[PDB]
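**Student:** Before I ask anything, let me first share the structure, which is written out below as structure tokens.
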Amino acid sequence: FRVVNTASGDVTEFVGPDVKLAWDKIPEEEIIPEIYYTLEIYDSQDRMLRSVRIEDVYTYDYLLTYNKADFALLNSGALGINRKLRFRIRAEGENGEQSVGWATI
Amino acid sequence: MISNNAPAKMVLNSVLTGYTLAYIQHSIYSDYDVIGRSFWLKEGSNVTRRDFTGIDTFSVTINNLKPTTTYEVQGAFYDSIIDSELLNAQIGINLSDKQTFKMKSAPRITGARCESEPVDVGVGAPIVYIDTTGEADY
């Protein structure tokens, strides 16, 4: 679970206008017919947004339009962008339960 | 842990004034995501936005300014995160504090004249006396 577009000097910095996010395929996904990872996004304050139902995709991009147009206005009540972010993904069973725990940024 | 950083607000070290061109010395950006720098002039009645591509140099040259018009300068670097609409809104830019300077006046000639001394023998050498009102260095 890593941010590919992280800046060279600082790992905790991403240069790109948007956030492009990638992760490795979970092991033992072959036996299970379907696994969808649930990705939790937060802000400087712990605010739930952009909970995405994703199947068979190992890379997610959080576009600038997806960032400011959708939830910046929704939460802040105005166009003002949000910069500080937290990410949290966890595998989910198609029929069974989810994974042992969420994955750290 | 992952986070985004707005460009640090710059400080306009100095501004040299020309009655048509403006020279400004400003600090250097310190953030990787910086893509360009922008400025927000103030004619006193209408606000004009000017930006220059590239951040190679510490100086800028604002052109097409109204002579004999004081202006206020405030601007900062905007990174790839900042959008054109957001830049127009100037919400997350964190611009620099404004600074007021007086824009010089172009030269003008107050009067035109020419006089010469009468001479007993020979010819009086023509001379031109012309009185100006400008403030240009030369």
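Naming scheme: A, B, ... for chains in displayed order of the structure tokens; residues 1 onward per chain; ligands 1 onward as shown.
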Neighbours of residue A:62 within 7 Å (only C-alpha atoms; same-chain residues fewer than 4 positions away dropped), as a ChimeraX atom specification?

**Tutor:** /A:18-20,66-67

**Student:** How about saving the chosen residues, N, CA and C atoms kept, as a PDB file, in the first residue's frame?

**Tutor:**
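Writing the result to part.pdb gives the following:
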```
ATOM      1  N   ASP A  18      -3.460  15.363  -8.554  1.00  0.00           N
ATOM      2  CA  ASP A  18      -4.314  14.368  -7.926  1.00  0.00           C
ATOM      3  C   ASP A  18      -3.464  13.381  -7.135  1.00  0.00           C
ATOM      4  N   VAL A  19      -4.140  12.433  -6.497  1.00  0.00           N
ATOM      5  CA  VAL A  19      -3.485  11.350  -5.779  1.00  0.00           C
ATOM      6  C   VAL A  19      -3.700  10.068  -6.570  1.00  0.00           C
ATOM      7  N   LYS A  20      -2.608   9.457  -7.017  1.00  0.00           N
ATOM      8  CA  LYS A  20      -2.646   8.160  -7.678  1.00  0.00           C
ATOM      9  C   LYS A  20      -2.113   7.125  -6.700  1.00  0.00           C
ATOM     10  N   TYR A  66     -12.527  14.640  -8.417  1.00  0.00           N
ATOM     11  CA  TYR A  66     -13.057  13.782  -7.367  1.00  0.00           C
ATOM     12  C   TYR A  66     -12.719  14.325  -5.985  1.00  0.00           C
ATOM     13  N   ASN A  67     -11.664  15.135  -5.883  1.00  0.00           N
ATOM     14  CA  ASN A  67     -11.216  15.632  -4.586  1.00  0.00           C
ATOM     15  C   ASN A  67     -12.010  16.854  -4.140  1.00  0.00           C
TER      16      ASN A  67
END
```

**Student:** Could you give me, as a tab-separated table (two decimals) with N, CA, C and O atoms, in the first residue's frame, the residues within 6 Å of stretch 67-81 of chain B, counting only C-alpha atoms and dropping anything in the same chain fewer than 5 positions from it?

**Tutor:**
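Result written to selection-v5.tsv:
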```tsv
chain	number	residue	atom	x	y	z
A	17	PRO	N	-1.14	16.79	-9.20
A	17	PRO	CA	-2.36	17.51	-8.82
A	17	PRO	C	-3.37	16.62	-8.13
A	17	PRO	O	-4.06	17.06	-7.20
B	7	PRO	N	2.54	25.83	-1.56
B	7	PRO	CA	3.82	26.55	-1.63
B	7	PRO	C	3.92	27.60	-0.54
B	7	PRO	O	2.94	28.28	-0.22
B	9	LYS	N	4.40	30.95	1.28
B	9	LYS	CA	4.19	32.33	0.86
B	9	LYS	C	5.54	33.02	0.69
B	9	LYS	O	6.39	32.97	1.58
B	10	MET	N	5.73	33.66	-0.46
B	10	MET	CA	7.00	34.31	-0.72
B	10	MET	C	7.01	35.71	-0.13
B	10	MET	O	5.98	36.25	0.29
B	19	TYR	N	8.06	53.64	-15.42
B	19	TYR	CA	6.78	54.20	-15.83
B	19	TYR	C	6.07	53.37	-16.89
B	19	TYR	O	4.98	53.76	-17.33
B	33	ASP	N	6.13	20.56	-5.52
B	33	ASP	CA	4.97	20.59	-6.40
B	33	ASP	C	4.75	21.95	-7.06
B	33	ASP	O	3.80	22.08	-7.84
B	34	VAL	N	5.59	22.95	-6.78
B	34	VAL	CA	5.40	24.26	-7.38
B	34	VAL	C	5.54	24.16	-8.90
B	34	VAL	O	6.46	23.52	-9.42
B	35	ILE	N	4.61	24.80	-9.61
B	35	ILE	CA	4.59	24.74	-11.07
B	35	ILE	C	4.72	26.14	-11.66
B	35	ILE	O	5.21	26.31	-12.78
B	36	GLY	N	4.28	27.15	-10.92
B	36	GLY	CA	4.29	28.50	-11.45
B	36	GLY	C	4.00	29.52	-10.36
B	36	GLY	O	3.51	29.18	-9.28
B	37	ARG	N	4.30	30.77	-10.68
B	37	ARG	CA	4.10	31.90	-9.78
B	37	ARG	C	3.13	32.89	-10.42
B	37	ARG	O	3.14	33.07	-11.64
B	38	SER	N	2.30	33.51	-9.59
B	38	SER	CA	1.29	34.45	-10.05
B	38	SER	C	1.32	35.70	-9.18
B	38	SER	O	1.77	35.68	-8.04
B	39	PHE	N	0.81	36.79	-9.75
B	39	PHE	CA	0.76	38.08	-9.07
B	39	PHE	C	-0.63	38.68	-9.25
B	39	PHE	O	-1.35	38.37	-10.20
B	40	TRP	N	-1.00	39.54	-8.30
B	40	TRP	CA	-2.30	40.21	-8.29
B	40	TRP	C	-2.07	41.70	-8.07
B	40	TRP	O	-1.93	42.16	-6.94
B	41	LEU	N	-2.03	42.45	-9.17
B	41	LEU	CA	-1.90	43.89	-9.08
B	41	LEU	C	-3.23	44.53	-8.71
B	41	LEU	O	-4.30	43.93	-8.88
B	42	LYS	N	-3.16	45.75	-8.19
B	42	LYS	CA	-4.35	46.51	-7.81
B	42	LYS	C	-4.20	47.93	-8.33
B	42	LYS	O	-3.40	48.71	-7.79
B	43	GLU	N	-4.98	48.27	-9.36
B	43	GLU	CA	-5.00	49.63	-9.89
B	43	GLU	C	-5.64	50.62	-8.93
B	43	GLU	O	-5.56	51.83	-9.17
B	95	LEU	N	-1.25	33.69	-0.46
B	95	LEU	CA	-0.46	34.69	-1.16
B	95	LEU	C	0.35	35.53	-0.18
B	95	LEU	O	0.17	35.47	1.04
B	96	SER	N	1.25	36.33	-0.73
B	96	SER	CA	2.08	37.23	0.06
B	96	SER	C	1.32	38.51	0.39
B	96	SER	O	0.38	38.91	-0.31
B	97	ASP	N	1.74	39.16	1.47
B	97	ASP	CA	1.12	40.41	1.87
B	97	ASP	C	1.33	41.48	0.81
B	97	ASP	O	2.36	41.52	0.12
B	98	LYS	N	0.34	42.35	0.67
B	98	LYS	CA	0.39	43.38	-0.36
B	98	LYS	C	1.47	44.41	-0.05
B	98	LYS	O	1.88	44.59	1.10
B	99	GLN	N	1.94	45.08	-1.10
B	99	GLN	CA	2.93	46.15	-0.98
B	99	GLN	C	2.61	47.21	-2.02
B	99	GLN	O	2.36	46.88	-3.18
B	100	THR	N	2.63	48.47	-1.60
B	100	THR	CA	2.22	49.59	-2.45
B	100	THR	C	3.44	50.34	-2.96
B	100	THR	O	4.36	50.64	-2.18
B	101	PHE	N	3.45	50.63	-4.25
B	101	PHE	CA	4.52	51.41	-4.86
B	101	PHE	C	3.92	52.40	-5.84
B	101	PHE	O	2.82	52.19	-6.37
B	102	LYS	N	4.65	53.49	-6.08
B	102	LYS	CA	4.22	54.55	-6.98
B	102	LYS	C	4.90	54.36	-8.33
B	102	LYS	O	6.11	54.14	-8.39
B	103	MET	N	4.12	54.45	-9.40
B	103	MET	CA	4.61	54.23	-10.76
B	103	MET	C	4.96	55.57	-11.38
B	103	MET	O	4.14	56.49	-11.41
B	104	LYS	N	6.19	55.68	-11.89
B	104	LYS	CA	6.73	56.96	-12.31
B	104	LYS	C	5.95	57.53	-13.49
B	104	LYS	O	5.06	56.88	-14.06
B	105	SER	N	6.29	58.76	-13.87
B	105	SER	CA	5.60	59.50	-14.90
B	105	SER	C	6.51	59.71	-16.11
B	105	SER	O	7.71	59.96	-15.95
```

**Student:** With a cut-off of 8 Å and counting only C-alpha atoms, select all residues of chain A in contact with chain B and give the selection as a ChimeraX atom specification.

**Tutor:** /A:7,11-18,64,79-81,83-86,105

**Student:** Got time to write the residues from that selection, N, CA and C atoms, as a compact mmCIF listing (two decimals), in the first residue's frame?

**Tutor:**
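So out-v4.txt came out as:
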```txt
# COMPACT_ATOMS: atom_id res chain seq x y z
N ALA A 7 6.59 12.52 -3.74
CA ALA A 7 7.73 13.34 -4.13
C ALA A 7 9.04 12.64 -3.78
N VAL A 11 8.71 11.35 1.37
CA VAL A 11 7.79 10.25 1.12
C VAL A 11 6.35 10.69 1.39
N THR A 12 6.14 11.54 2.39
CA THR A 12 4.80 11.96 2.78
C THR A 12 4.23 13.06 1.89
N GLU A 13 4.87 13.36 0.76
CA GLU A 13 4.44 14.41 -0.15
C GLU A 13 4.19 13.80 -1.52
N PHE A 14 3.09 14.19 -2.16
CA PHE A 14 2.79 13.76 -3.52
C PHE A 14 2.70 14.99 -4.42
N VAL A 15 3.51 14.99 -5.47
CA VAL A 15 3.63 16.17 -6.33
C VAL A 15 2.38 16.37 -7.18
N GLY A 16 1.82 15.29 -7.71
CA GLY A 16 0.78 15.38 -8.71
C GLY A 16 -0.42 16.18 -8.25
N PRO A 17 -1.14 16.79 -9.20
CA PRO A 17 -2.36 17.51 -8.82
C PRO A 17 -3.37 16.62 -8.13
N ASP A 18 -3.46 15.36 -8.55
CA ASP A 18 -4.31 14.37 -7.93
C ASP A 18 -3.46 13.38 -7.14
N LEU A 64 -8.41 15.22 -8.96
CA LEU A 64 -8.66 16.53 -8.37
C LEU A 64 -10.14 16.88 -8.41
N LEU A 79 -16.11 25.61 -1.83
CA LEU A 79 -15.21 25.05 -2.83
C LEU A 79 -13.82 24.78 -2.28
N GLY A 80 -13.45 25.38 -1.15
CA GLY A 80 -12.11 25.25 -0.61
C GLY A 80 -11.60 23.83 -0.56
N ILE A 81 -10.42 23.60 -1.15
CA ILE A 81 -9.84 22.27 -1.28
C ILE A 81 -9.38 21.75 0.08
N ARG A 83 -6.12 19.38 1.69
CA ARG A 83 -4.77 18.96 1.35
C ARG A 83 -4.30 17.76 2.16
N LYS A 84 -4.36 17.85 3.49
CA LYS A 84 -3.99 16.72 4.33
C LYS A 84 -4.99 15.58 4.12
N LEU A 85 -4.48 14.36 3.96
CA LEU A 85 -5.32 13.21 3.69
C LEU A 85 -4.76 11.98 4.39
N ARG A 86 -5.65 11.03 4.67
CA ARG A 86 -5.28 9.72 5.18
C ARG A 86 -6.00 8.66 4.35
N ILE A 105 -0.96 3.36 5.41
CA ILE A 105 -0.53 4.20 4.30
C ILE A 105 0.91 3.88 3.93
```

**Student:** What does the distance from atom CA of residue A:42 to atom CA of residue A:74 come to in Å, to one decimal?

**Tutor:**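 It comes out at 13.6 Å.
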
**Student:** Could you find all residues in stretch 51-134 of chain B that DSSP calls alpha helix (DSSP H) from the backbone, and write them as a ChimeraX atom specification?

**Tutor:** /B:84-89

**Student:** Kindly export the residues of the current selection with N, CA, C and O atoms, as a PDB file, in the first residue's frame.

**Tutor:**
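Resulting contents of selection.pdb:
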```
ATOM      1  N   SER B  84      -7.015  26.350 -11.826  1.00  0.00           N
ATOM      2  CA  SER B  84      -7.256  27.682 -12.371  1.00  0.00           C
ATOM      3  C   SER B  84      -8.434  28.350 -11.676  1.00  0.00           C
ATOM      4  O   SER B  84      -8.353  29.522 -11.288  1.00  0.00           O
ATOM      5  N   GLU B  85      -9.539  27.623 -11.507  1.00  0.00           N
ATOM      6  CA  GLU B  85     -10.678  28.176 -10.785  1.00  0.00           C
ATOM      7  C   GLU B  85     -10.310  28.470  -9.337  1.00  0.00           C
ATOM      8  O   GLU B  85     -10.636  29.539  -8.807  1.00  0.00           O
ATOM      9  N   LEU B  86      -9.619  27.534  -8.685  1.00  0.00           N
ATOM     10  CA  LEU B  86      -9.195  27.757  -7.309  1.00  0.00           C
ATOM     11  C   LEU B  86      -8.207  28.911  -7.224  1.00  0.00           C
ATOM     12  O   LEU B  86      -8.253  29.708  -6.279  1.00  0.00           O
ATOM     13  N   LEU B  87      -7.303  29.018  -8.199  1.00  0.00           N
ATOM     14  CA  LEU B  87      -6.377  30.144  -8.225  1.00  0.00           C
ATOM     15  C   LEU B  87      -7.126  31.462  -8.339  1.00  0.00           C
ATOM     16  O   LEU B  87      -6.792  32.437  -7.657  1.00  0.00           O
ATOM     17  N   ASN B  88      -8.146  31.513  -9.198  1.00  0.00           N
ATOM     18  CA  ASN B  88      -8.965  32.716  -9.289  1.00  0.00           C
ATOM     19  C   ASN B  88      -9.634  33.012  -7.955  1.00  0.00           C
ATOM     20  O   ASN B  88      -9.694  34.168  -7.523  1.00  0.00           O
ATOM     21  N   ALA B  89     -10.144  31.976  -7.287  1.00  0.00           N
ATOM     22  CA  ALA B  89     -10.705  32.163  -5.956  1.00  0.00           C
ATOM     23  C   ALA B  89      -9.639  32.528  -4.930  1.00  0.00           C
ATOM     24  O   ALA B  89      -9.964  33.155  -3.917  1.00  0.00           O
TER      25      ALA B  89
END
```

**Student:** What is the atom CA of residue A:22-atom CA of residue B:8 distance in Å, reported with one decimal?

**Tutor:**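 Those two atoms sit 28.8 Å apart.
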
**Student:** From the set A:1, A:23, A:71, A:36, which residue has the shortest atom-to-atom contact distance to residue A:56, counting only C-alpha atoms?

**Tutor:**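 Using only C-alpha atoms, residue A:56 sits closest to A:36.
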
**Student:** Quick one: distance from atom CA of residue A:24 to atom CA of residue A:59 in Å, one decimal?

**Tutor:**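 One can read the atom CA of residue A:24 to atom CA of residue A:59 distance as 8.6 Å.
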
**Student:** I need the residue nearest residue A:103 from this list: A:40, A:61, A:3, A:89. Use only C-alpha atoms for the distance.

**Tutor:** A:89

**Student:** Write down as number ranges by chain the residues belonging to stretch 62-108 of chain B that are assigned strand (DSSP E or B) by DSSP computed on the backbone.

**Tutor:** B: 62, 71-73, 75-79, 99-101

**Student:** What's the 12 Å shell around residue A:33, counting only C-alpha atoms, without same-chain residues fewer than 4 positions away, as number ranges by chain?

**Tutor:** A: 28-29, 55-56, 92-96
